[PDB]
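To start, the structure under review is shown below, and the notes come after it.
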Amino acid sequence: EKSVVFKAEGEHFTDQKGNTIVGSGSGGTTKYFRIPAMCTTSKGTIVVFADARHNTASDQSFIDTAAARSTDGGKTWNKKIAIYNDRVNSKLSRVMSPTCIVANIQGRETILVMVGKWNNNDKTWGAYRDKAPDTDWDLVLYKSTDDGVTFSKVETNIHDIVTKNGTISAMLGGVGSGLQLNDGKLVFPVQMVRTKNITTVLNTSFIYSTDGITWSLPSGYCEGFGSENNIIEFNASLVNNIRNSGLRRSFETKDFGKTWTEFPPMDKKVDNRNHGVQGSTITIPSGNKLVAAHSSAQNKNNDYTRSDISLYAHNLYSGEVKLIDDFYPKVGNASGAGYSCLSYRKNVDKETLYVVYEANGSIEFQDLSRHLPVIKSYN
């Protein structure tokens, strides 16, 4: 059913040399975890990434990307650091905010994980709009081809395509999971901070690739809102589902990212109340139809506590929405709360629906597979 993936003030990681990472949690533990991202492989293996915010919950702090791996259905976890920050700034060096994909890349089952990287910036990324792109920023990609046991950097052209665009100060994945399309294409939802001269500070889009090495940006942009977002594939559309204060937003592109229009079955269907929150949106088959499963916070206190992280089903045909399970029916820690990531898989005849989420500085896991008949029937 819950397991603890990463325990606030309860984990000890080691660095590249094998020396302990002394955090600010009791006993020198990692203080806080945020921003979970998960996938399930063809082997049934569960891999969960999260920020290991060793000293504090702040975004502007010393952060590595942790990875937890479970081969027993989420009962127990082997943990390590998958991506280390550059160790320039003991206060501020960070790799953060993962987005992951499990994919068959030219036959090879691969886990991709993409994180933003900063070193000396002491402010949030929206503060740095003078350069194309910001010199402190990068966006790095790591892969595993051994079922999540080891990760290695992927050399990409992502920094170059941002520079060539000329109107982007920084870019980040949409947070949680990206996707592999029916044709094989790899797609990461993205968020971007535009250069100062652009009237809109934030936009949403995606990057795409065939091999995981060479990526492309489409020519268009979607409106940013609170910019964290996921994409689903539905007929010859890509459909996003975007954080926004109040009602979540959803747009579709029928021309592979040149133009976006509102997608009625999801647009303004879930309310996250003041400030908004990241949410996870995926598809689940039901016969030759699809249902969208979505997780985000009800936010009953209308603030940064982001209470009641809940699973919804969206009927992609009728536009009906319903609450499936309030799986974290608790007031969150306003230092950083509310985020989640879903993962659905059918391996042979075994269908699984898993979630990970933020829980008072820890990351928890639940097996939500018992809900699948209810979700699938929502067509």
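Chain A is numbered as in Swiss-Prot; the shown residues are, in order, 4-382.
This entry, so its header tells us, was determined using X-ray crystallography, 1.0 Å.
Just so you know, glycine gets a Cβ as well, placed from its N, Cα and C.
What Swiss-Prot records for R37, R246, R309 is substrate binding site. Feature annotation from Swiss-Prot assigns disulfide bond to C42-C103. Taken from Swiss-Prot, the feature active site, proton acceptor applies to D62. Marked as repeat 'BNR 1' by Swiss-Prot: 71-82. Among the features that Swiss-Prot reports, repeat 'BNR 2' is placed at 145-156. Look at Swiss-Prot and you will find 210-220 tagged as repeat 'BNR 3'. Feature annotation from Swiss-Prot assigns repeat 'BNR 4' to 254-265. The active site, nucleophile annotation in Swiss-Prot covers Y342. Positions annotated as active site by Swiss-Prot: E361.
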Rounding to whole Å, the Cα atoms of the residue listed as 'active site' and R37 (substrate binding site) are apart by 6
Under 8 Å by Cβ from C42 (disulfide bond), counting only residues of that chain that are 6 or more apart = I49, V50, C103, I104, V105, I114, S180, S346
For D62 (active site, proton acceptor), the closest of the recorded positions by C-alpha position, picking from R246, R309, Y342, is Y342
Residues sitting near the repeat 'BNR 1' (71-82): Cβ under 8 Å, six or more positions beyond its termini, same chain?
-> 6, 8-9, 14, 16, 46-51, 53, 151-152, 357, 366, 368-370
Looking only at residues six or more beyond either end of the repeat 'BNR 2' (145-156), which have a C-beta under 8 A from one in the stretch?
-> 44, 46, 48, 50, 70, 72, 85-86, 111-117, 215
Around the substrate site (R37, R246, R309), what further same-chain residues have their C-beta within 8 angstroms of the site's C-beta centre?
-> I38, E231, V280, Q281, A300, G339, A340, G341, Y342, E361
Taking the residues the record says bind substrate (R37, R246, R309), how far apart in Å are the two Cα atoms that sit farthest from each other?
-> 17
Under DSSP, the repeat 'BNR 4' (254-265) has how many residues in helix, strand and coil?
-> 0 helix, 5 strand, 7 coil
DSSP-derived helix, strand and coil totals, residue by residue, for the repeat 'BNR 1' (71-82) = 0 helix, 5 strand, 7 coil
Let me know how many other Cβ atoms fall within 10 Å of the Cβ of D62 (active site, proton acceptor).
-> 18
10 Å Cβ neighbour count around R309 (substrate binding site)?
-> 29
From the Cα of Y342 (active site, nucleophile) across to the Cα of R246 (substrate binding site), what is the distance in angstrom?
-> 11
Cα distance, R309 (substrate binding site) to the residue listed as 'active site, nucleophile', nearest Å?
-> 9
Tell me which residues of the chain lie with their Cβ under 8 angstroms from that of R37 (substrate binding site), as long as they are six or more apart in sequence?
-> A53, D54, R56, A60, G339, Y342, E361
